[PDB]
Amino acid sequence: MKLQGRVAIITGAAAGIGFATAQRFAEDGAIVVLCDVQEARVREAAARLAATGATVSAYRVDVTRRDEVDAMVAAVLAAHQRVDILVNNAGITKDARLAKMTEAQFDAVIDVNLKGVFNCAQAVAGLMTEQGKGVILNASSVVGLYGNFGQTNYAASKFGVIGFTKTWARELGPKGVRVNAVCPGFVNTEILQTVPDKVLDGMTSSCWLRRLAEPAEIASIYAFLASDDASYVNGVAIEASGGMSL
């Protein structure tokens, strides 16, 4: 059990990729800390994992509020004495082409997807370098490699988290702390359930595996990167798109 006893904080863990990652991490023996802006939902999520015998906890955290981030990290240290893994998965989209995008749409996405990631990483990175081991995993996107129509704000933020990744991999690597990113393509979470079938068909046609990912297939990449199997993987952004013509 490759993450046995390791303490993992996962943001956006109430549902979607975040929840799938919490589940997989618990299966790999991690102590999992599920954080989400949605308090009731994340406590239900944690409750489902606790029933399996896993050691888990749940916190309401808005990652744009550094005081909430700090309070959670302090509570995790009080409870489990260390932080071994951070998965910066919480994100939002507010799509609009440049001609129509509002300042509020722009700001909201930069706040969660860049400032939020900065807040959580800054809050744990010192704990990790002090103990001489840790891993910070950042959620990017294929859009963070290639751009995408209507995603001025999202693309900037997901490119930007690769900037974080390479910078922190440089700063923290020498102290035994690895920093990597995952760049998912089209993943079959709740966000796609209202998308018209013909639109989904266009999406899957652009994928070289000709299908959407299940969230567990992104979780499994975070699990690899957290584990010692990725001990010489640092500063990378792994594309998890099945291959794409975006």
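One-based numbering along the sequence shown.
- Message: Averaging CA B factors per stretch from the PDB record, which one is higher: 38 to 46 or 208 to 216?
- Response: Per the PDB entry, the higher value belongs to 38 to 46.
- Using the B-factors recorded in the PDB entry, average over the C-alpha atoms of 143 to 151 and of 83 to 91, then report which stretch comes out higher. Going by the record's values, the stretch with the higher mean is 83 to 91.
- Message: Maximum C-alpha temperature factor per the entry, among 187, 26, 33, 179, belongs to which one?
- Response: Going by the entry's C-alpha B-factors, 26 comes out highest.
- Which one, 221, 183, 200, 191, has the peak C-alpha temperature factor per the PDB entry? Reading the PDB entry, the winner on C-alpha B-factor is 191.
- Based on the entry's values, in what third of the chain does the Cα temperature factor of residue 158 lie: lowest, middle or highest? According to the entry, residue 158 has a C-alpha B-factor in the chain's lowest third.
- Task: Place residue 244 in the lowest, middle or highest third of its chain's C-alpha B-factors, as listed in the PDB entry.
- Result: Ranked within chain, residue 244 CA B lands in the middle tercile.
- Message: Taking only the Cα B-factors deposited for this chain, tell me whether residue 127 sits in the lowest, middle or highest third.
- Response: For residue 127, the deposited C-alpha B-factor lands in the highest third.
- Just say lowest, middle or highest third for the CA B-factor of residue 114 relative to the other modelled residues in its chain. According to the entry, residue 114 has a C-alpha B-factor in the chain's lowest third.
- Message: Using the temperature factors of the C-alpha atoms in this entry, rank residue 97 within its chain: lowest, middle or highest third.
- Response: Lowest third.
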